[PDB]
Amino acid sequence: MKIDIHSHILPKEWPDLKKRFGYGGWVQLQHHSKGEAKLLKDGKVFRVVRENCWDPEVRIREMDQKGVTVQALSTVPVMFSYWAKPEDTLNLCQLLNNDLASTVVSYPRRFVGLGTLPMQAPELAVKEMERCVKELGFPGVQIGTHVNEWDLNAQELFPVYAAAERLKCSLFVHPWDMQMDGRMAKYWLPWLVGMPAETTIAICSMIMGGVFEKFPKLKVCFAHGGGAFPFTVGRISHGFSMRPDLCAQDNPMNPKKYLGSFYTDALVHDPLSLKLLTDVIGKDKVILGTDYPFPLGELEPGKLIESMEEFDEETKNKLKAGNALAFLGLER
């Protein structure tokens, strides 16, 4: 109920992409009757969205009802398209990034921009990042938990991290691209269970991969309370200690030592989980996030943090806003 770090938005419309680029599997927007719209596989449909998902005035109203001062805006993670030709992803990223920037120009004290980047091609990613920060004025970028077969430990990605750290650019890591078929096709598991596992893998990849060691000024936030990590850190840490041969031939420091070194969003739904999240990650490093406007997110942003009779007013305020300005390097 002050700043929402995790909020997704799309342009009203965009070019046909199977044409602009050639090949398929790209995602499009079809509005049938104003108020509602549909997201489409190329093949068959995969999400029914509302007016809030593209219309910034609709967004501000809802934000006024809900007490939300600013939303950090990123794209819908399905847009990442790390799987496609690189130069084509650079294109889409420019389109999405300029629309995002355009939305911030209309309401520069209600919105900020988290850019997107062609991560599968590190040096283009670097350039599109100098641009996001220095021309567009974005305070960070949103990226995926893994990039194809690369995980966030990859050496191929170190140039990007170096750049993030150079240009003071924050990173919001969003899980995406779980397994959808076979055992995971029922009960909404890729979302309910697959997303948290992707985030947990991402935190590990980075800690054990050397990233936080080789870039101590990097600002990283993970989605969904960082998945399973706050709860399974004990196991990850003890395992690092038992098999230094499987786990440390890349960075020798125990994962427990980077508690304090990264942020997570507070989208965990339960008070007991929120409490644990703050005891493990820290009161300074947890950030309110809503996943607005999707049904799986928090419906009353901050309602859970406000109900925590054990936090004091200072702590509730780091959670609703204070920690988020730190992470993005902004001022009130």
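C-alpha atoms forming the largest set that superposes within 1.5 Å between two forms make up the rigid core. In case it trips you up, residue 1 is the first one in the sequence shown, and so on.
- After a core fit, the C-alpha atoms in 4 other deposited structures of this protein lie farther on average from the shown form in one of 38-46 and 61-69, namely 38-46.
- For the pair 122-130 and 75-83, the record assigns the higher mean C-alpha temperature factor to 122-130.
- The question of which stretch, 201-209 or 244-252, has the higher mean Cα B factor is settled in favour of 244-252.
- Looking at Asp284, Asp42, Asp279, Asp270, the one whose CA carries the top B-factor in the deposited record is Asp42.
- Reading the B-factor column for the CA atoms of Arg59, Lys303, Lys66, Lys34 in the entry, the top value corresponds to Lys34.
- For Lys318, the recorded CA temperature factor ranks within the middle third of the chain's modelled residues.
- In the deposited entry, the Cα temperature factor of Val48 places it in the highest third of its chain's modelled residues.
- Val27: CA B factor lies in the highest third for its chain, per the PDB record.
- Among all modelled residues in its chain, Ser307 ranks in the highest third by Cα B-factor.
- Per the deposited record, the Cα B-factor of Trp188 falls in the middle third when ranked against the other modelled residues of its chain.
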